[PDB]
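Next up, data.pdb (PDB, C-alpha atoms and all ligand atoms):
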ATOM      1  CA  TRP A  91      94.255  35.416  14.606  1.00  0.00           C
ATOM      2  CA  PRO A  92      91.090  35.451  16.744  1.00  0.00           C
ATOM      3  CA  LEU A  93      87.823  34.714  14.973  1.00  0.00           C
ATOM      4  CA  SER A  94      84.953  37.175  15.282  1.00  0.00           C
ATOM      5  CA  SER A  95      82.015  36.168  17.445  1.00  0.00           C
ATOM      6  CA  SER A  96      79.632  37.771  14.934  1.00  0.00           C
ATOM      7  CA  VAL A  97      79.074  38.333  11.210  1.00  0.00           C
ATOM      8  CA  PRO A  98      78.060  41.693   9.688  1.00  0.00           C
ATOM      9  CA  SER A  99      74.729  41.624   7.867  1.00  0.00           C
ATOM     10  CA  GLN A 100      74.960  41.779   4.086  1.00  0.00           C
ATOM     11  CA  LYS A 101      71.227  42.426   3.551  1.00  0.00           C
ATOM     12  CA  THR A 102      70.564  45.245   1.081  1.00  0.00           C
ATOM     13  CA  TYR A 103      68.805  48.189   2.730  1.00  0.00           C
ATOM     14  CA  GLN A 104      68.042  51.345   0.781  1.00  0.00           C
ATOM     15  CA  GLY A 105      66.681  53.132   3.839  1.00  0.00           C
ATOM     16  CA  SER A 106      65.223  56.625   4.153  1.00  0.00           C
ATOM     17  CA  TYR A 107      67.684  58.179   1.699  1.00  0.00           C
ATOM     18  CA  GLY A 108      67.257  55.613  -1.090  1.00  0.00           C
ATOM     19  CA  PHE A 109      70.876  54.544  -0.844  1.00  0.00           C
ATOM     20  CA  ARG A 110      72.476  52.367  -3.482  1.00  0.00           C
ATOM     21  CA  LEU A 111      75.771  51.800  -5.252  1.00  0.00           C
ATOM     22  CA  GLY A 112      76.892  52.494  -8.786  1.00  0.00           C
ATOM     23  CA  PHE A 113      80.025  51.610 -10.736  1.00  0.00           C
ATOM     24  CA  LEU A 114      81.618  52.939 -13.911  1.00  0.00           C
ATOM     25  CA  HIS A 115      80.537  51.050 -17.034  1.00  0.00           C
ATOM     26  CA  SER A 116      84.115  50.134 -17.868  1.00  0.00           C
ATOM     27  CA  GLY A 117      83.886  47.101 -20.147  1.00  0.00           C
ATOM     28  CA  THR A 118      86.392  44.249 -20.290  1.00  0.00           C
ATOM     29  CA  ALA A 119      89.304  45.399 -22.455  1.00  0.00           C
ATOM     30  CA  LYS A 120      92.578  43.906 -21.155  1.00  0.00           C
ATOM     31  CA  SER A 121      93.743  47.405 -20.228  1.00  0.00           C
ATOM     32  CA  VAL A 122      90.980  48.202 -17.706  1.00  0.00           C
ATOM     33  CA  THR A 123      92.121  48.934 -14.128  1.00  0.00           C
ATOM     34  CA  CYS A 124      88.806  48.171 -12.422  1.00  0.00           C
ATOM     35  CA  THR A 125      85.677  46.593 -13.911  1.00  0.00           C
ATOM     36  CA  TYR A 126      82.282  45.691 -12.427  1.00  0.00           C
ATOM     37  CA  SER A 127      79.996  42.875 -13.547  1.00  0.00           C
ATOM     38  CA  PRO A 128      76.289  43.598 -12.998  1.00  0.00           C
ATOM     39  CA  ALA A 129      75.391  39.970 -13.771  1.00  0.00           C
ATOM     40  CA  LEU A 130      77.753  38.691 -11.045  1.00  0.00           C
ATOM     41  CA  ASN A 131      77.435  41.727  -8.763  1.00  0.00           C
ATOM     42  CA  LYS A 132      81.216  41.517  -8.690  1.00  0.00           C
ATOM     43  CA  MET A 133      84.040  44.018  -8.943  1.00  0.00           C
ATOM     44  CA  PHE A 134      87.299  42.895 -10.579  1.00  0.00           C
ATOM     45  CA  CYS A 135      90.263  45.101  -9.648  1.00  0.00           C
ATOM     46  CA  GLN A 136      94.045  45.234  -9.273  1.00  0.00           C
ATOM     47  CA  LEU A 137      96.268  45.380  -6.199  1.00  0.00           C
ATOM     48  CA  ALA A 138      96.709  48.915  -4.873  1.00  0.00           C
ATOM     49  CA  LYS A 139      94.977  50.574  -7.845  1.00  0.00           C
ATOM     50  CA  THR A 140      92.004  52.964  -7.948  1.00  0.00           C
ATOM     51  CA  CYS A 141      88.621  51.301  -7.566  1.00  0.00           C
ATOM     52  CA  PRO A 142      85.781  53.812  -8.002  1.00  0.00           C
ATOM     53  CA  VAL A 143      82.544  53.159  -6.116  1.00  0.00           C
ATOM     54  CA  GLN A 144      79.577  55.502  -6.539  1.00  0.00           C
ATOM     55  CA  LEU A 145      77.053  56.473  -3.884  1.00  0.00           C
ATOM     56  CA  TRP A 146      73.584  57.307  -5.183  1.00  0.00           C
ATOM     57  CA  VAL A 147      70.831  58.682  -2.936  1.00  0.00           C
ATOM     58  CA  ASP A 148      67.250  59.793  -3.615  1.00  0.00           C
ATOM     59  CA  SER A 149      67.471  62.444  -0.903  1.00  0.00           C
ATOM     60  CA  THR A 150      70.421  63.941   0.919  1.00  0.00           C
ATOM     61  CA  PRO A 151      71.506  62.359   4.226  1.00  0.00           C
ATOM     62  CA  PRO A 152      71.919  64.807   7.111  1.00  0.00           C
ATOM     63  CA  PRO A 153      75.220  66.546   7.865  1.00  0.00           C
ATOM     64  CA  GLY A 154      77.654  64.310   9.731  1.00  0.00           C
ATOM     65  CA  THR A 155      76.737  61.210   7.754  1.00  0.00           C
ATOM     66  CA  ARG A 156      79.578  58.736   7.245  1.00  0.00           C
ATOM     67  CA  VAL A 157      80.264  55.966   4.705  1.00  0.00           C
ATOM     68  CA  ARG A 158      81.867  52.733   5.933  1.00  0.00           C
ATOM     69  CA  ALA A 159      83.438  49.861   3.947  1.00  0.00           C
ATOM     70  CA  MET A 160      84.185  46.404   5.383  1.00  0.00           C
ATOM     71  CA  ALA A 161      85.186  43.095   3.794  1.00  0.00           C
ATOM     72  CA  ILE A 162      83.943  39.654   4.774  1.00  0.00           C
ATOM     73  CA  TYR A 163      84.517  36.221   3.288  1.00  0.00           C
ATOM     74  CA  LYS A 164      81.710  35.227   0.920  1.00  0.00           C
ATOM     75  CA  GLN A 165      81.666  31.541   1.872  1.00  0.00           C
ATOM     76  CA  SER A 166      79.619  30.928   5.028  1.00  0.00           C
ATOM     77  CA  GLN A 167      82.267  28.665   6.578  1.00  0.00           C
ATOM     78  CA  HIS A 168      84.844  31.468   6.519  1.00  0.00           C
ATOM     79  CA  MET A 169      82.571  34.296   7.573  1.00  0.00           C
ATOM     80  CA  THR A 170      83.775  34.617  11.167  1.00  0.00           C
ATOM     81  CA  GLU A 171      87.385  34.872   9.956  1.00  0.00           C
ATOM     82  CA  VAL A 172      88.472  38.509   9.831  1.00  0.00           C
ATOM     83  CA  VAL A 173      89.532  39.575   6.329  1.00  0.00           C
ATOM     84  CA  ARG A 174      93.014  41.034   6.616  1.00  0.00           C
ATOM     85  CA  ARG A 175      96.193  41.422   4.587  1.00  0.00           C
ATOM     86  CA  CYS A 176      98.638  38.536   4.281  1.00  0.00           C
ATOM     87  CA  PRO A 177     101.855  38.568   6.351  1.00  0.00           C
ATOM     88  CA  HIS A 178     103.902  39.530   3.300  1.00  0.00           C
ATOM     89  CA  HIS A 179     101.872  42.663   2.604  1.00  0.00           C
ATOM     90  CA  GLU A 180     101.341  43.448   6.279  1.00  0.00           C
ATOM     91  CA  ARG A 181     105.149  43.819   6.437  1.00  0.00           C
ATOM     92  CA  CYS A 182     105.804  45.464   3.048  1.00  0.00           C
ATOM     93  CA  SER A 183     106.696  49.140   2.702  1.00  0.00           C
ATOM     94  CA  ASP A 184     103.582  50.489   1.004  1.00  0.00           C
ATOM     95  CA  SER A 185     102.170  52.488   3.921  1.00  0.00           C
ATOM     96  CA  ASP A 186     100.366  55.662   2.876  1.00  0.00           C
ATOM     97  CA  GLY A 187     100.877  57.036   6.370  1.00  0.00           C
ATOM     98  CA  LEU A 188      97.150  56.902   7.095  1.00  0.00           C
ATOM     99  CA  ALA A 189      96.073  53.243   6.829  1.00  0.00           C
ATOM    100  CA  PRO A 190      96.821  50.418   9.314  1.00  0.00           C
ATOM    101  CA  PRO A 191      99.254  47.968   7.718  1.00  0.00           C
ATOM    102  CA  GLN A 192      96.884  45.002   8.249  1.00  0.00           C
ATOM    103  CA  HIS A 193      93.851  46.593   6.565  1.00  0.00           C
ATOM    104  CA  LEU A 194      92.771  45.214   3.177  1.00  0.00           C
ATOM    105  CA  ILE A 195      90.667  48.200   2.124  1.00  0.00           C
ATOM    106  CA  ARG A 196      92.024  51.744   1.932  1.00  0.00           C
ATOM    107  CA  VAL A 197      90.598  55.013   0.640  1.00  0.00           C
ATOM    108  CA  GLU A 198      92.820  57.285  -1.460  1.00  0.00           C
ATOM    109  CA  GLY A 199      92.547  61.025  -2.060  1.00  0.00           C
ATOM    110  CA  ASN A 200      90.709  61.833   1.172  1.00  0.00           C
ATOM    111  CA  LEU A 201      92.524  63.225   4.199  1.00  0.00           C
ATOM    112  CA  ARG A 202      89.408  62.796   6.348  1.00  0.00           C
ATOM    113  CA  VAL A 203      89.615  59.014   6.032  1.00  0.00           C
ATOM    114  CA  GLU A 204      89.338  57.119   9.303  1.00  0.00           C
ATOM    115  CA  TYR A 205      90.239  53.483  10.060  1.00  0.00           C
ATOM    116  CA  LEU A 206      88.805  51.205  12.762  1.00  0.00           C
ATOM    117  CA  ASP A 207      89.871  47.950  14.405  1.00  0.00           C
ATOM    118  CA  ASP A 208      86.598  47.077  16.128  1.00  0.00           C
ATOM    119  CA  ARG A 209      87.528  46.203  19.699  1.00  0.00           C
ATOM    120  CA  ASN A 210      84.518  43.891  20.138  1.00  0.00           C
ATOM    121  CA  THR A 211      84.025  42.249  16.735  1.00  0.00           C
ATOM    122  CA  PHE A 212      87.674  42.467  15.607  1.00  0.00           C
ATOM    123  CA  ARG A 213      86.560  43.560  12.107  1.00  0.00           C
ATOM    124  CA  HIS A 214      88.550  46.141  10.124  1.00  0.00           C
ATOM    125  CA  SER A 215      86.750  48.969   8.368  1.00  0.00           C
ATOM    126  CA  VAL A 216      87.410  52.274   6.671  1.00  0.00           C
ATOM    127  CA  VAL A 217      85.117  55.278   6.924  1.00  0.00           C
ATOM    128  CA  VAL A 218      84.888  58.682   5.251  1.00  0.00           C
ATOM    129  CA  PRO A 219      82.503  61.628   5.598  1.00  0.00           C
ATOM    130  CA  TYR A 220      79.540  61.437   3.257  1.00  0.00           C
ATOM    131  CA  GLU A 221      79.767  64.347   0.832  1.00  0.00           C
ATOM    132  CA  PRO A 222      76.819  65.225  -1.387  1.00  0.00           C
ATOM    133  CA  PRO A 223      77.510  65.119  -5.149  1.00  0.00           C
ATOM    134  CA  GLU A 224      79.220  68.125  -6.704  1.00  0.00           C
ATOM    135  CA  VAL A 225      76.587  70.336  -8.322  1.00  0.00           C
ATOM    136  CA  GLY A 226      75.698  68.952 -11.739  1.00  0.00           C
ATOM    137  CA  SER A 227      76.794  65.487 -10.633  1.00  0.00           C
ATOM    138  CA  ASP A 228      74.414  62.623  -9.857  1.00  0.00           C
ATOM    139  CA  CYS A 229      76.525  60.647  -7.382  1.00  0.00           C
ATOM    140  CA  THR A 230      79.398  60.743  -4.907  1.00  0.00           C
ATOM    141  CA  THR A 231      82.485  58.751  -5.850  1.00  0.00           C
ATOM    142  CA  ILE A 232      84.886  57.120  -3.410  1.00  0.00           C
ATOM    143  CA  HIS A 233      88.254  55.781  -4.580  1.00  0.00           C
ATOM    144  CA  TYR A 234      88.982  52.516  -2.792  1.00  0.00           C
ATOM    145  CA  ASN A 235      92.240  50.567  -2.963  1.00  0.00           C
ATOM    146  CA  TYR A 236      92.476  46.833  -2.233  1.00  0.00           C
ATOM    147  CA  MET A 237      95.902  46.064  -0.776  1.00  0.00           C
ATOM    148  CA  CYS A 238      96.145  42.284  -1.272  1.00  0.00           C
ATOM    149  CA  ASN A 239      95.450  39.959  -4.171  1.00  0.00           C
ATOM    150  CA  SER A 240      92.676  37.393  -3.851  1.00  0.00           C
ATOM    151  CA  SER A 241      95.424  34.800  -4.335  1.00  0.00           C
ATOM    152  CA  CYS A 242      97.637  36.008  -1.473  1.00  0.00           C
ATOM    153  CA  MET A 243      98.817  33.004   0.539  1.00  0.00           C
ATOM    154  CA  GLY A 244      98.286  33.413   4.270  1.00  0.00           C
ATOM    155  CA  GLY A 245      95.705  36.053   3.453  1.00  0.00           C
ATOM    156  CA  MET A 246      92.595  35.688   1.333  1.00  0.00           C
ATOM    157  CA  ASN A 247      94.272  32.651  -0.233  1.00  0.00           C
ATOM    158  CA  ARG A 248      91.880  32.427  -3.210  1.00  0.00           C
ATOM    159  CA  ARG A 249      88.730  32.713  -1.109  1.00  0.00           C
ATOM    160  CA  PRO A 250      86.069  35.129  -2.471  1.00  0.00           C
ATOM    161  CA  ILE A 251      85.181  38.216  -0.441  1.00  0.00           C
ATOM    162  CA  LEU A 252      82.343  40.712  -0.304  1.00  0.00           C
ATOM    163  CA  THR A 253      82.674  44.413   0.404  1.00  0.00           C
ATOM    164  CA  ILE A 254      79.795  45.796   2.471  1.00  0.00           C
ATOM    165  CA  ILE A 255      79.198  49.521   2.120  1.00  0.00           C
ATOM    166  CA  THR A 256      77.099  51.157   4.856  1.00  0.00           C
ATOM    167  CA  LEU A 257      75.755  54.662   5.354  1.00  0.00           C
ATOM    168  CA  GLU A 258      75.615  55.703   9.005  1.00  0.00           C
ATOM    169  CA  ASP A 259      74.624  58.883  10.855  1.00  0.00           C
ATOM    170  CA  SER A 260      77.055  60.835  13.021  1.00  0.00           C
ATOM    171  CA  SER A 261      76.152  58.594  15.971  1.00  0.00           C
ATOM    172  CA  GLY A 262      76.681  55.306  14.126  1.00  0.00           C
ATOM    173  CA  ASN A 263      73.047  54.479  13.363  1.00  0.00           C
ATOM    174  CA  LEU A 264      72.656  52.395  10.198  1.00  0.00           C
ATOM    175  CA  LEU A 265      70.987  54.340   7.359  1.00  0.00           C
ATOM    176  CA  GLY A 266      71.642  52.148   4.328  1.00  0.00           C
ATOM    177  CA  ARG A 267      73.551  49.075   3.180  1.00  0.00           C
ATOM    178  CA  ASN A 268      74.721  47.555  -0.109  1.00  0.00           C
ATOM    179  CA  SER A 269      77.380  45.006  -1.005  1.00  0.00           C
ATOM    180  CA  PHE A 270      79.328  43.478  -3.870  1.00  0.00           C
ATOM    181  CA  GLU A 271      81.755  40.634  -4.457  1.00  0.00           C
ATOM    182  CA  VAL A 272      85.400  41.574  -5.127  1.00  0.00           C
ATOM    183  CA  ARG A 273      88.210  39.772  -6.932  1.00  0.00           C
ATOM    184  CA  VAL A 274      91.612  41.413  -6.760  1.00  0.00           C
ATOM    185  CA  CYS A 275      93.551  39.959  -9.680  1.00  0.00           C
ATOM    186  CA  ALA A 276      96.232  40.518 -12.329  1.00  0.00           C
ATOM    187  CA  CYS A 277      93.894  41.134 -15.270  1.00  0.00           C
ATOM    188  CA  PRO A 278      90.376  42.307 -14.295  1.00  0.00           C
ATOM    189  CA  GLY A 279      89.135  42.586 -17.898  1.00  0.00           C
ATOM    190  CA  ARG A 280      90.035  39.051 -18.913  1.00  0.00           C
ATOM    191  CA  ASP A 281      88.892  37.611 -15.595  1.00  0.00           C
ATOM    192  CA  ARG A 282      85.442  39.235 -15.759  1.00  0.00           C
ATOM    193  CA  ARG A 283      84.907  38.153 -19.351  1.00  0.00           C
ATOM    194  CA  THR A 284      85.963  34.613 -18.421  1.00  0.00           C
ATOM    195  CA  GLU A 285      83.790  34.350 -15.301  1.00  0.00           C
ATOM    196  CA  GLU A 286      80.751  35.653 -17.195  1.00  0.00           C
ATOM    197  CA  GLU A 287      81.487  33.045 -19.868  1.00  0.00           C
ATOM    198  CA  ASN A 288      80.100  30.573 -17.338  1.00  0.00           C
ATOM    199  CA  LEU A 289      76.588  32.025 -17.645  1.00  0.00           C
TER     200      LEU A 289
HETATM  201 ZN    ZN A 301      98.832  39.980   0.288  1.00  0.00          ZN
END

Could you write out this structure as structure tokens?
Amino acid sequence: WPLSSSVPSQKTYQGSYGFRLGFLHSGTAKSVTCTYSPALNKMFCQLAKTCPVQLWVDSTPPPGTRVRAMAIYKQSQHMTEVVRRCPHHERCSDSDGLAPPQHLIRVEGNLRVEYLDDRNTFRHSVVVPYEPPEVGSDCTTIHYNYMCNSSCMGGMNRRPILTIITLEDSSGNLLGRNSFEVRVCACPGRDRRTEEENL
């Protein structure tokens, strides 16, 4: 696969709308589906399972705002390599009828989801309309699904990745950015507790 000639910025930018991310406070019981470590800024999740990510703003972005998610390798020497699904999963029969079979990150439960293969940078990304929080709610939740394990040979192959979440206006202008590390693994709860053990 062709390397990208560029690397997306991962610099945090709250912007005019005071944009940042939140995650459920899920703990590390062995049963948890998805769990986020504030100390590591790292989400631990399972293949193809719901991964809630919260959008928090201080003021409401204008109508037509969109929310984009994109993965990059965390290690500088792999950064120009496009993060994609391994050949095995690229060929498996788990299509949801909306997502490209090579894309690592999907969004579930949203029929307005849109996927992009960037024709210049080669990066994959997934975008949904920004929706303000339901009345009485403090944030907007997106349900992401990661469609390969961190260990997948011929794919991520045990290399750490970051998900970059950006807010953009209807014309593509950057309004906000935040990011977090992701490990897609068999037992998120155990793995988080173990990785934090090294602190
Ligand atoms: Zn895979």

Got a sec: who's within 10 Å of residue 205 in chain A, counting only C-alpha atoms, leaving out chain neighbours fewer than 5 positions off, as a PyMOL selection string? chain A and resi 158-159+188-190+193+195-197+214-218

Contacts to ligand ZN 301 (chain A) at 9 Å cut-off (all atoms listed in the file) as a VMD selection string: chain A and resid 137 174 to 180 194 237 to 247

What lies within 6 Å of range 123-135 of chain A using all atoms listed in the file, ignoring chain neighbours under 2 positions off, as a list in words?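 With the cut-off at 6 Å, the set is residues 116, 141, 270, 271, 272, 273, 274 and 278 of chain A.
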
Between CA of residue 95 in chain A and CA of residue 167 in chain A, distance in Å (one decimal): 13.2 Å

Taking (72.0, 49.5, 0.3) in the file's own coordinates, collect the residues within 8 Å, counting all atoms listed in the file, and hand them back as an MDAnalysis selection string. chainID A and resid 101:105 108:111 255:256 266:269

Which value, in Å to one decimal, gives the distance between CA of residue 136 in chain A and CA of residue 281 in chain A?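 Separation between CA of residue 136 in chain A and CA of residue 281 in chain A: 11.2 Å.
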
Determine the nearest neighbour of residue 250 in chain A from the options A:277, A:169, A:225, A:114, counting all atoms listed in the file.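 Smallest separation from residue 250 in chain A among the options: A:169.
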
Applying 12 Å and all atoms listed in the file, which residues near residue 93 in chain A remain after dropping the ones on its own chain fewer than 4 positions away? List them as a compact mmCIF listing (two decimals) with C-alpha atoms, in the coordinates of the input.
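Okay, this is what ended up in out18.txt:
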# COMPACT_ATOMS: atom_id res chain seq x y z
CA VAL A 97 79.07 38.33 11.21
CA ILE A 162 83.94 39.65 4.77
CA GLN A 167 82.27 28.66 6.58
CA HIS A 168 84.84 31.47 6.52
CA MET A 169 82.57 34.30 7.57
CA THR A 170 83.78 34.62 11.17
CA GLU A 171 87.38 34.87 9.96
CA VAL A 172 88.47 38.51 9.83
CA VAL A 173 89.53 39.58 6.33
CA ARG A 174 93.01 41.03 6.62
CA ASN A 210 84.52 43.89 20.14
CA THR A 211 84.02 42.25 16.74
CA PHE A 212 87.67 42.47 15.61
CA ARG A 213 86.56 43.56 12.11

At what distance in Å, to one decimal, does CA of residue 276 in chain A lie from CA of residue 192 in chain A? 21.1 Å

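When all atoms listed in the file are used to compute distances to residue 229 in chain A, the closest of the residues A:150, A:106, A:94, A:155 turns out to be A:150.
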
Shell around residue 143 in chain A at 8 Å using all atoms listed in the file, local window under 4 positions removed, as a VMD selection string: chain A and resid 111 to 114 231 to 234

Could you add the missing atoms to range 141-164 of chain A, up to N, CA, C and O atoms, and return them as a compact mmCIF listing (two decimals), in the frame of the given file?
# COMPACT_ATOMS: atom_id res chain seq x y z
N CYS A 141 89.85 52.04 -7.37
CA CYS A 141 88.62 51.30 -7.57
C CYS A 141 87.44 52.22 -7.23
O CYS A 141 87.06 52.35 -6.07
N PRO A 142 86.87 52.87 -8.26
CA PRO A 142 85.78 53.81 -8.00
C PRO A 142 84.46 53.13 -7.62
O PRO A 142 84.01 52.20 -8.29
N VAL A 143 83.86 53.61 -6.54
CA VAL A 143 82.54 53.16 -6.12
C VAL A 143 81.67 54.39 -5.94
O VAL A 143 82.07 55.35 -5.30
N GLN A 144 80.49 54.36 -6.56
CA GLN A 144 79.58 55.50 -6.54
C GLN A 144 78.48 55.33 -5.51
O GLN A 144 77.89 54.26 -5.38
N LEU A 145 78.19 56.41 -4.78
CA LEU A 145 77.05 56.47 -3.88
C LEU A 145 75.94 57.28 -4.53
O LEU A 145 76.14 58.43 -4.91
N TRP A 146 74.77 56.66 -4.63
CA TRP A 146 73.58 57.31 -5.18
C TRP A 146 72.51 57.36 -4.11
O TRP A 146 72.22 56.34 -3.48
N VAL A 147 71.93 58.53 -3.89
CA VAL A 147 70.83 58.68 -2.94
C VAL A 147 69.64 59.35 -3.63
O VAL A 147 69.82 60.05 -4.63
N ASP A 148 68.45 59.12 -3.10
CA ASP A 148 67.25 59.79 -3.62
C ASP A 148 67.00 61.10 -2.88
O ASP A 148 66.38 62.02 -3.41
N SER A 149 67.49 61.19 -1.65
CA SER A 149 67.47 62.44 -0.90
C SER A 149 68.73 62.52 -0.06
O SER A 149 69.34 61.50 0.24
N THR A 150 69.12 63.73 0.31
CA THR A 150 70.42 63.94 0.92
C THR A 150 70.42 63.61 2.40
O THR A 150 69.62 64.14 3.16
N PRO A 151 71.32 62.71 2.82
CA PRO A 151 71.51 62.36 4.23
C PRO A 151 71.92 63.59 5.01
O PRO A 151 72.53 64.50 4.45
N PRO A 152 71.60 63.62 6.31
CA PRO A 152 71.92 64.81 7.11
C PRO A 152 73.42 65.04 7.25
O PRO A 152 74.21 64.14 6.98
N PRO A 153 73.80 66.26 7.64
CA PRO A 153 75.22 66.55 7.86
C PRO A 153 75.77 65.60 8.92
O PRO A 153 75.05 65.24 9.86
N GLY A 154 77.02 65.18 8.76
CA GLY A 154 77.65 64.31 9.73
C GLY A 154 77.54 62.85 9.35
O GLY A 154 78.06 61.97 10.04
N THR A 155 76.84 62.58 8.25
CA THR A 155 76.74 61.21 7.75
C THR A 155 78.10 60.68 7.31
O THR A 155 78.95 61.42 6.81
N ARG A 156 78.31 59.39 7.55
CA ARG A 156 79.58 58.74 7.24
C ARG A 156 79.35 57.49 6.39
O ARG A 156 78.27 56.90 6.43
N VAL A 157 80.36 57.11 5.62
CA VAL A 157 80.26 55.97 4.70
C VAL A 157 81.34 54.96 5.07
O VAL A 157 82.53 55.28 5.02
N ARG A 158 80.93 53.74 5.43
CA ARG A 158 81.87 52.73 5.93
C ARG A 158 81.98 51.56 4.96
O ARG A 158 80.99 51.14 4.37
N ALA A 159 83.20 51.04 4.79
CA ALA A 159 83.44 49.86 3.95
C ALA A 159 84.12 48.79 4.78
O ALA A 159 85.01 49.10 5.58
N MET A 160 83.70 47.54 4.60
CA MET A 160 84.18 46.40 5.38
C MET A 160 84.13 45.16 4.50
O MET A 160 83.16 44.95 3.77
N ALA A 161 85.17 44.33 4.57
CA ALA A 161 85.19 43.10 3.79
C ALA A 161 84.87 41.90 4.67
O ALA A 161 85.26 41.86 5.84
N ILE A 162 84.15 40.93 4.11
CA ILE A 162 83.94 39.65 4.77
C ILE A 162 84.14 38.55 3.75
O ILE A 162 84.04 38.79 2.56
N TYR A 163 84.46 37.35 4.21
CA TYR A 163 84.52 36.22 3.29
C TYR A 163 83.11 35.87 2.80
O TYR A 163 82.15 35.94 3.56
N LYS A 164 83.00 35.51 1.53
CA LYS A 164 81.71 35.23 0.92
C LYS A 164 81.16 33.88 1.36
O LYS A 164 79.94 33.72 1.54
